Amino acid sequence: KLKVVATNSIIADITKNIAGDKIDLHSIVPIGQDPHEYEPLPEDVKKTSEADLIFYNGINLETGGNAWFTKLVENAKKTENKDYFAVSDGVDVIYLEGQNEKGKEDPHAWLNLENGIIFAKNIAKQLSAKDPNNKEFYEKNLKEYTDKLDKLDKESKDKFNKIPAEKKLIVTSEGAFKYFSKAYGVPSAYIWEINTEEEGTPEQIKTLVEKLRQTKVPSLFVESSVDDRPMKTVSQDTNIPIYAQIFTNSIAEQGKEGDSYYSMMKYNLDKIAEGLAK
């Protein structure tokens, strides 16, 4: 079987939906862990050395700070666009502070389903190139999977489009939902920007509170992977309830709600459409 390495649970789950039992798959960042500053363990080093195909997010998810993915592939002697591939190739990239330059890409592309589809298409392309005997199988799985994501995308867009515009704001701790905002027409507000060293200061909280007092947003949200005390303070100060915990950069543990890329996005989209229609 083709030996495949995925850098996180989202990419691994999309890969499973395309490849089924045709591959030997290993994931690096486990469910619920952080890709930023992740430290690969010996099993990751050995699996990456042995891999026929490696999928990573790209757009600065795993290559900033400690740049763990760069170190991994260089030590494994793996080559870009031969052995390893960025599944985000083709996304309409968003840049931090709207400054188009290398290293300022916002990595959170998968938080809209159009980009999850692009991820799946890139994964199917490279599986087919390395394992042509299973090309038709990968293509069939791809079409079924992208149809499923597209149906959820269209249904969710129709729900957001009906909400009174004054209610439409996605409020989270970190500004990690800009791709979600672009696709779904729901502007973002947040406590701290991506790549902020000091998270949840009294000053950051007060500035979001003052913004939210001039809106009619009916619900706030909080990421399941962040310390919720800053958003709980924003909620207390605005008297706007936190409607739900939402997923950001991982699927859920197996057997729980949100334990796949599809179900993680369905959960997020269902909770945010419900919470903003309140």
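Just count from 1 along the sequence shown to find any residue number.
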{"item": "Mean C-alpha temperature factor, higher of 85-93 and 196-204", "value": "196-204"}
{"item": "Higher-B stretch (mean Cα B-factor, as the entry records it), 181-189 or 131-139", "value": "131-139"}
{"item": "Member of 268, 254, 9, 15 with the greatest C-alpha B factor (per the PDB record)", "value": "254"}
{"item": "Member of 78, 108, 167, 121 with the greatest C-alpha B factor (per the PDB record)", "value": "78"}
{"item": "Residue 58 CA temperature factor, ranked by third within the chain", "value": "lowest"}
{"item": "Where the record places residue 233 (Cα B-factor, split into thirds across the chain)", "value": "lowest"}
{"item": "Within-chain third of residue 45 by Cα B-factor, per the entry", "value": "middle"}
{"item": "Chain thirds of CA B-factor: placement of residue 52", "value": "middle"}
{"item": "CA B-factor placement of residue 264, once the chain's modelled residues are sorted into thirds", "value": "lowest"}
